[PDB]
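Scroll down for the structure; my scribbles are underneath it.
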Amino acid sequence: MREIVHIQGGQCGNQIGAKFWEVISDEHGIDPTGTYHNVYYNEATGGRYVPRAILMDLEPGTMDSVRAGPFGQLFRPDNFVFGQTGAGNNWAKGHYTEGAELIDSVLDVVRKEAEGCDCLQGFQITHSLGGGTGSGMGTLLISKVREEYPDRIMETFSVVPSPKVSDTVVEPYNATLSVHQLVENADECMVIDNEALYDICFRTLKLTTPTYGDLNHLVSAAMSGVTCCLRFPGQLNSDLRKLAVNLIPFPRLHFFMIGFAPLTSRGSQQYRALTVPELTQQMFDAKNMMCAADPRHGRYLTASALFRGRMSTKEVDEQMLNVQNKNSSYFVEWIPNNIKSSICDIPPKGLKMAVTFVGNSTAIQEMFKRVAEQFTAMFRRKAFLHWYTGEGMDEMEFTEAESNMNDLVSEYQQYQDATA
Amino acid sequence: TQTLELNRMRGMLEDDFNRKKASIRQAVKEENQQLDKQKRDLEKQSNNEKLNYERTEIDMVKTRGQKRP
Ligand SMILES: Nc1nc2c(ncn2[C@@H]2O[C@H](COP(=O)(O)OP(=O)(O)O)[C@@H](O)[C@H]2O)c(=O)[nH]1
Numbered sequence: 001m002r003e004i005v006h007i008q009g010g011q012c013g014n015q016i017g018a019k020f021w022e023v024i025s026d027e028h029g030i031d032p033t034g035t036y037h048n049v050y051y052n053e054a055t056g057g058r059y060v061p062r063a064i065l066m067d068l069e070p071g072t073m074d075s076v077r078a079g080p081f082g083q084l085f086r087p088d089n090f091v092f093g094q095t096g097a098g099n100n101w102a103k104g105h106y107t108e109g110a111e112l113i114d115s116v117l118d119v120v121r122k123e124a125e126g127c128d129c130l131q132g133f134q135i136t137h138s139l140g141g142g143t144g145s146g147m148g149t150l151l152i153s154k155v156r157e158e159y160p161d162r163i164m165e166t167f168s169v170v171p172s173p174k175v176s177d178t179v180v181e182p183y184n185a186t187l188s189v190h191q192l193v194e195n196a197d198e199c200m201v202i203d204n205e206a207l208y209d210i211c212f213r214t215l216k217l218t219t220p221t222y223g224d225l226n227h228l229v230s231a232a233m234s235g236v237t238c239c240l241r242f243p244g245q246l247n248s249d250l251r252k253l254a255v256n257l258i259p260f261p262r263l264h265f266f267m268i269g270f271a272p273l274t275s276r277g278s279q280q281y282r283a284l285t286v287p288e289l290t291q292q293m294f295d296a297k298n299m300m301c302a303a304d305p306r307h308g309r310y311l312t313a314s315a316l317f318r319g320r321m322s323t324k325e326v327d328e329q330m331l332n333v334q335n336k337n338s339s340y341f342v343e344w345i346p347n348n349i350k351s352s353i354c355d356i357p358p359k360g361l362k363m364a365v366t367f368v369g370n371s372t373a374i375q376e377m378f379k380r381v382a383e384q385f386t387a388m389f390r391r392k393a394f395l396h397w398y399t400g401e402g403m404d405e406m407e408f409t410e411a412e413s414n415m416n417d418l419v420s421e422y423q424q425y426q427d428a429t430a
Numbered sequence: 072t073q074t075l076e077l078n079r080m081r082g083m084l085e086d087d088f089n090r091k092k093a094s095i096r097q098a099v100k101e102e103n104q105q106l107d108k109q110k111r112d113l114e115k116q117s118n119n120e121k122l123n124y125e126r127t128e129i130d131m132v133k134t135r136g137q138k139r140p
């Protein structure tokens, strides 16, 4: 009932997915051999629990890298459909040539996983906005499935270009080519940036030696906590659609920031208490979120908070009221009770409380400002274009894509000010 | 009591990880100390060998007196 298909893509998507299945396993008590010592997994004759997923990438090396780590035996040997030539970070490579020759079988196996369920509530994507493979094949698969299943919902946990340094110097082009098709056929664009996770694992945890394993573990905890109030009992349950209405007021302004709580180092863990006050303070903490945009420099159209643990509710409601009546300026006022709460009955393994915060704010419009700026700069000089036209794609598209981006921010800032 | 049982877990694991890394670094320092002896000794051998060879050459040259038939 209310299942979730696990579509992957790109090496980042594959790593984050491996870590996410690791977390779901050691929460649902599934040891990496695939036993127990329907929302996600699938029963398998012989007493196994094969996780319902699919992994796509133009390199079969990520195959062996993800099967090498523990909890790799969970993934069935059949879902690993991988391309050969590799896209080399070229949007057209992963969206026009290699796309139109493997995405066929991708859709075939996705449908096979789909009909096998009874109520496929929503999708789930793990990929990137930079790489050709990830961005390209991901947006193409999303367009295809949203033409396939117009009733279901969409969600993409996408990593975006960090502001300070960039991973692949053509990040703006692939980013805008992914956002020009994502903004139309996607409902929950959970944006993440590597710099925010860096600052989190350093400042708020004193961990001096962060590795991509730990960062992926943090984003895993976020993704899990997103829906954990569904597959568990709770004094007030929600799902992946009550969020959508409590989160998006419009067909476009649906790009969410993400935050998790609680997180503290070895030192400061002995002192600090643990009650709804502290969880709230870490929740609305500026740096605690996983977005390279301090939300204090904008407002929130809305925000939801899915708690976890058997705790009170008057504390929840009165602290929502307090954080809304004290930080009212940083909230927007043309909407009443612009926050939403939800409560479950199981905290994560090892604590007694948890918070997963999701925010439909107007502070990422700054991120889109910087992306459009980079695009205009690297475009007026036609920089790195003969890769994007030597593979059956005209510059025209590119231009209009940026136009669309403009309209996007042209909305956000607008609703920041308008009142009644 | 549970949170103390867990904080001691974190502390022990970290104070083992750091000692392990420091041990790795000390092993690398020892490996470089060892590598230094090769360039300390091959050069000494080549120097002594050049000394012997060039001394023998000087001897063989100087060992040319007169014939007097
Ligand atoms: N937080 C996180 N980001 C990653 C990871 N691996 C890759 N990324 C990002 O993935 C981006 C590249 O996109 P990708 O599609 O994976 O490259 P491609 O395989 O060559 O197409 C880069 O900006 C990387 O920073 C990871 O393990 N953790």
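Chains as they are written, first to last, in the authors' numbering: chain L, 1 to 37, 48 to 430; chain A, 72 to 140. C-beta: ideal position from N, C-alpha, C; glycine also.
For residue i, which beta-bridge partners are listed by DSSP?
i: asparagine 335 (chain L); result: The partner list for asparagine 335 (chain L) (beta bridge, DSSP) is empty, contrary to what the question assumes.
i: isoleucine 163 (chain L); result: L:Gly132
i: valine 365 (chain L); result: L:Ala271 and L:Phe317
i: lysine 350 (chain L); result: L:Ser314
i: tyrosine 36 (chain L); result: L:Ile30
i: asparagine 370 (chain L); result: L:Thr312
i: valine 169 (chain L); result: L:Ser138 and L:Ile202
i: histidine 6 (chain L); result: L:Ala63
i: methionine 299 (chain L); result: L:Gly269
i: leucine 246 (chain L); result: L:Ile353
What residues in its chain sit with their C-beta under 8 Å from that of residue i, if we drop five residues either side in the sequence?
i: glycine 109 (chain L); result: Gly146, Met147 and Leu150
i: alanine 302 (chain L); result: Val170, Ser172, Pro173, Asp203, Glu205, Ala206 and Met377
i: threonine 35 (chain L); result: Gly57, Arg58 and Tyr59
i: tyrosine 222 (chain L); result: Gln15
i: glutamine 423 (chain L); result: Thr372 and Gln375
i: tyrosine 183 (chain L); result: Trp101, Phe385, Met388, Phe394, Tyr398 and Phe408
i: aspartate 224 (chain L); result: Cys211 and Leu217
Going along the chain, which residues of its own chain have a beta-carbon closer than 6 Å to the beta-carbon of residue i, five neighbours each way excluded?
i: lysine 103 (chain L); result: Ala97 and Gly142
i: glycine 17 (chain L); result: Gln8 and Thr136
i: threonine 72 (chain L); result: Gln11 and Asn14
i: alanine 313 (chain L); result: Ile349 and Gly369
i: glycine 93 (chain L); result: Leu68, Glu108 and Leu112
i: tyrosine 51 (chain L); result: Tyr59 and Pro61
i: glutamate 158 (chain L); result: none
i: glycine 140 (chain L); result: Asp177, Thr178, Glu181 and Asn184
i: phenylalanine 20 (chain L); result: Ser230 and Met233
Hey, residue i and residue j are a contact pair by Cβ (cut 8 Å); roughly how many whole angstroms apart?
i: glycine 269 (chain L); j: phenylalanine 167 (chain L); result: 14 Å between Cβ atoms; not a contact.
i: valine 419 (chain L); j: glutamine 375 (chain L); result: 5 Å
i: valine 5 (chain L); j: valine 120 (chain L); result: 7 Å
i: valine 365 (chain L); j: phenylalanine 317 (chain L); result: 5 Å
i: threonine 214 (chain L); j: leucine 273 (chain L); result: 5 Å
i: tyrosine 106 (chain L); j: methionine 406 (chain L); result: The Cβ separation is near 15 Å, so there is no contact.
i: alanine 315 (chain L); j: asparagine 298 (chain L); result: Contact doesn't hold; Cβ gap of about 13 Å is too wide.
Looking only at its chain, what residues have a beta carbon closer than 7 Å to the beta carbon of residue i, apart from the 5 residues adjacent to it on each side?
i: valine 333 (chain L); result: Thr290 and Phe294
i: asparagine 195 (chain L); result: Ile152, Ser153, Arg156 and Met164
i: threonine 186 (chain L); result: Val381, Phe385, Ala411, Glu412 and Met415
i: residue 45 (chain L); result: Residue 45 (chain L) falls within a stretch that is absent from the model, since chain L runs 37 to 48 with no residues between.
i: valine 189 (chain L); result: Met415
i: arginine 262 (chain L); result: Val193, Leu418 and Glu421
i: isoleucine 24 (chain L); result: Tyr50 and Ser234
i: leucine 246 (chain L); result: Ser352 and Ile353
Hey, is residue i's beta-carbon within less than 7 Å of any beta-carbon in chain L?
i: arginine 90 (chain A); result: no
i: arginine 96 (chain A); result: no
i: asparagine 78 (chain A); result: yes
i: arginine 111 (chain A); result: no
i: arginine 126 (chain A); result: no
Any beta carbon from chain A within less than 7 Å of residue i's own beta carbon?
i: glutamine 426 (chain L); result: no
i: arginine 276 (chain L); result: yes
i: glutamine 292 (chain L); result: no
i: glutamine 245 (chain L); result: no
i: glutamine 279 (chain L); result: yes
Does the distance between the C-beta of residue i and the nearest non-hydrogen atom of ligand 2 fall short of 6 Å?
i: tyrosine 208 (chain L); result: You won't find ligand 2 in this model; what it holds is ligand 1.
Taking only runs that begin and end inside the segment 51-96 of chain L, name each unbroken beta strand (DSSP E) of 3 or more residues, in chain order.
51-54 and 58-61
Which runs of the alpha helix (DSSP H) at least 4 residues long sit entirely within the segment 372-421 of chain L? Give them in chain order.
375-390 and 396-399
What are the uninterrupted segments assigned as alpha helix (DSSP H) that are 4 or more residues long and contained completely in the segment 106-160 of chain L, given in chain order?
109-125 and 148-158
Could you tell me which uninterrupted alpha helix (DSSP H) segments, each at least 4 residues in length, are contained entirely in the segment 184-236 of chain L, listed from first to last along the chain?
204-213
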